[PDB]
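What follows is a single structure, written as C-alpha cells, with notes after it.
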Amino acid sequence: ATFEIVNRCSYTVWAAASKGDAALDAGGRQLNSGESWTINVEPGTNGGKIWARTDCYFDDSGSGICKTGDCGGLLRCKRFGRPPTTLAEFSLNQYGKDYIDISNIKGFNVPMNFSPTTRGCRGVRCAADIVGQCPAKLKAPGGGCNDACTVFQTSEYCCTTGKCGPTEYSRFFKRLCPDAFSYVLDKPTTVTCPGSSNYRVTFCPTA
Numbered sequence: 001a002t003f004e005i006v007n008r009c010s011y012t013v014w015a016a017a018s019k020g021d022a023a024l025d026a027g028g029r030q031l032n033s034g035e036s037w038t039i040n041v042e043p044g045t046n047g048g049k050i051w052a053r054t055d056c057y058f059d060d061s062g063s064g065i066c067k068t069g070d071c072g073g074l075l076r077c078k079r080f081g082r083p084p085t086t087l088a089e090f091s092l093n094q095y096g097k098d099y100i101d102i103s104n105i106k107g108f109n110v111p112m113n114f115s116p117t118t119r120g121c122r123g124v125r126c127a128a129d130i131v132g133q134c135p136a137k138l139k140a141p142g143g144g145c146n147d148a149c150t151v152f153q154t155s156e157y158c159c160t161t162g163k164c165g166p167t168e169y170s171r172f173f174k175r176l177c178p179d180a181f182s183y184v185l186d187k188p189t190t191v192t193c194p195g196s197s198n199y200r201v202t203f204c205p206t207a
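When the sequence shown is numbered by PDB author numbering, its final residue is 207 and no position is left out of the sequence of numbers.
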C-alpha cells in the first residue's frame with residue numbers, strides 16, 4: 001500500500017513509520033512545511049503506526065533526540081515513539097479488509113487527517129488545539145499533551161486488567177476529537193476500508 005505523508009504545518013516535523021519491531025519503508029524522514037514523503041508499506045502489515053516528531057536534532061549517523069515521539073534516538077525509526085504522539089494506526093489486508101484509526105491513547109502532539117486516497121471508505125481527523133487546551137497535569141514540558149496512562153501509570157488509565165471505563169482525562173481527548181480513540185475500551189472509531197486501499201496522512205490539515 002502507498003501512504004503519502006504531507007506536512008501542512010508551519011513547522012518542520014520528522015515523520016515516523018513503524019510496526020513496533022521494525023521500520024516501515026525508510027522508517028523516518030524530515031518533512032519541512034509543505035514537503036511530502038511517499039512510503040510503501042507491505043501488504044498485510046498489522047499494527048502499523050505513523051506519527052510526527054517535533055523539535056528534533058540528528059547527527060550525520062542519523063542519531064539524536066526528538067522532544068516528542070523520539071524512537072530510541074534514531075532518524076529512521078524501528079520502534080514506536082515516546083509519548084506524547086498523535087497516532088495514525090492501521091492493519092492492512094486483514095481478511096480482505098484494511099482497518100485504520102487515529103488514536104490519542106498515547107497522547108497528542110500534532111493535528112492529523114488520515115484519509116484513503118482510493119474509493120470505498122471515509123477518512124478520520126483529529127484537528128483540535130489539544131495542546132493549547134491540555135489539562136495542566138497532562139501538559140508535556142517538552143511539548144504536547146500526554147495521555148493519563150503515561151503520566152499516572154494506573155490500572156484504570158492503562159486498562160491493565162482489560163476492565164476500565166472512561167475518565168475525566170479520556171473525556172477531554174474525546175470532546176476535542178470524537179473521531180479518535182481516547183482510551184483503550186473506547187467505542188471504536190476504526191474505519192473499515194477496502195483491502196489494499198491507499199492513504200494520505202496530513203499533519204496540520206486545517207492550518
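Where a beta carbon is used, it is the ideal one built from N, C-alpha and C, also for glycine.
The distance from the Cβ of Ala128 to that of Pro141 is about 21 Å, inconsistent with a contact at the 8 Å cut-off. Counting C-beta atoms within 10 angstroms of its own C-beta, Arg119 has fewer than 16 neighbours from the protein chains shown and is therefore classed as exposed. With fewer than 16 other beta carbons inside 10 angstroms of its own, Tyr11 counts as exposed. The segment 163-172 makes no contact with the segment 87-99: fewer than 3 CB pairs, one atom from each, lie closer than 8 Å. In the three-state scheme derived from DSSP, where H, G and I count as helix and E and B as strand, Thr192 is classed as strand.
Non-local C-beta neighbours of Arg200 in its own chain, meaning closer than 6 Å and more than five positions away in sequence, comprise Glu4, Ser115, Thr117, ordered along the chain. C-alpha of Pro188 to C-alpha of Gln133: approximately 24 Å in a straight line. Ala26 and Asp70 have their C-alpha atoms roughly 16 Å apart. The segment 70-85 and the segment 100-107 touch, with three or more beta-carbon pairs separated by less than 8 Å.
In summary, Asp147 is buried, with 16 or more beta-carbon neighbours lying within 10 Å of its beta-carbon over all protein chains present. Look at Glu156 here: in three-state DSSP terms it is helix. Between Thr45 and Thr68, the CB-CB gap reaches or exceeds 7 Å. For the 7 Å CB-CB criterion, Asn198 and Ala1 form a contact.
Looking at the DSSP output, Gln94 sits in a beta bridge with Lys97. Taking all protein chains shown into account, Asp186 has 16 or more neighbouring C-beta atoms within 10 Å of its C-beta and is therefore buried. The shortest C-alpha to C-alpha distance from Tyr99 to any of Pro194, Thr38, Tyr183 is the one to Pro194. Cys145 is positioned such that its CB atom lies no closer than 7 Å to that of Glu156.
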